[PDB]
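The form deposited in one PDB entry is given below as one chain in structure tokens.
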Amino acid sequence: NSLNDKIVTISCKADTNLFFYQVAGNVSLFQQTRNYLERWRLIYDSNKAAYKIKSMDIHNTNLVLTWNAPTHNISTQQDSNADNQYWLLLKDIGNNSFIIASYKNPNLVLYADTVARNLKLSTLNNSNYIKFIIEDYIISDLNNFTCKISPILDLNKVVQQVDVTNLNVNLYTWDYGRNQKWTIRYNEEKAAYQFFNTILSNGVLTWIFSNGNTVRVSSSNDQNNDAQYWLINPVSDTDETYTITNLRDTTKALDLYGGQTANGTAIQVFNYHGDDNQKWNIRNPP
């Protein structure tokens, strides 16, 4: 139930920089790509109490993680709902990791070969090579991502801190300055994110709820302030568009004043209506 239909990335506890990567029926271990090549949908069968692991490949749309019995090899094959295409997701409590066991034969579990950069089946042991990190793909893509943020009304402009001493936040033309770059961090406890401006070490995007709708950078050593935390919600049919709502009051959304696109225009929060001035592109700095 809790994982059914969820789209995730899967990385190695042994090497957190290596992700399950799919192309043309081959599964390998590869650096983060933040795209469909490393995304998988978990499909629950209640009867088997097991999951299919389906590639989000855009060309071949029916490929699932498959154990090539009787070898120890893994591939992606057309989904035929076969027992060798089903997996038990066993969460190692306290370790925040999963052992992924074959439903066909639970004596065997996925094993990460970090030097051959691929997967195989193995009997169990206490190493991290059989432990995997399964994460919502949005969190996976955004966590520790250094980005620039643009209103969809003007993708040449960005949300910025004005400078190192002026903590105000406004819309401005993109000039590659560090005051225009933000590093996103996910907090597991709060189930929310902070945006660290990269011109400071501990400066986070914050709703100053003591001054109406004002948003500013403030220090993150002010720990019990929900106003410093945000929900990042993907807009449908887009790869880079998000609504951004405040953890204190989730009805309050990151808002471009008036939908005005001039330099210096205020960034604030405002009641959520989902119009274009509350939609943001979070992107790689070029």
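Rigid core: the largest C-alpha set superposing within 1.5 Å between the two forms. Each residue number is its position in the shown sequence, starting from 1.
Mean CA B-factor, 136-144 versus 212-220: the higher value falls on 212-220.
Across the two stretches, 19-27 and 266-274, the PDB entry reports the greater mean Cα temperature factor for 266-274.
In this structure the maximum Cα B-factor among 66, 250, 243, 32 is found at 250. By the numbers in the PDB entry, the CA B factor is greatest at 201 among 125, 97, 73, 201. Annotation for residue 188: C-alpha temperature factor in the highest third relative to the rest of the modelled chain, per the entry.
Annotation for residue 55: C-alpha temperature factor in the lowest third relative to the rest of the modelled chain, per the entry. Ranked against the other modelled residues of its chain, the C-alpha B-factor of residue 101 as given in the entry falls in the lowest third.
Among the modelled residues of its chain, residue 181 has a C-alpha B-factor that falls in the middle third, as given in the PDB entry.
Annotation for residue 172: C-alpha temperature factor in the highest third relative to the rest of the modelled chain, per the entry.
Below, we turn to the form deposited in another entry, even though it does not appear here.
Once both forms are overlaid on the rigid core, the distance between the two CA positions of residue 115 between the shown form and the other one is under 2 angstroms. With the core superposed, residue 125 shows a C-alpha displacement of at least 2 Å between the shown form and the other one. Positional change of residue 60 between the shown form and the other one reaches 2 Å or more at the C-alpha, relative to the superposed core.
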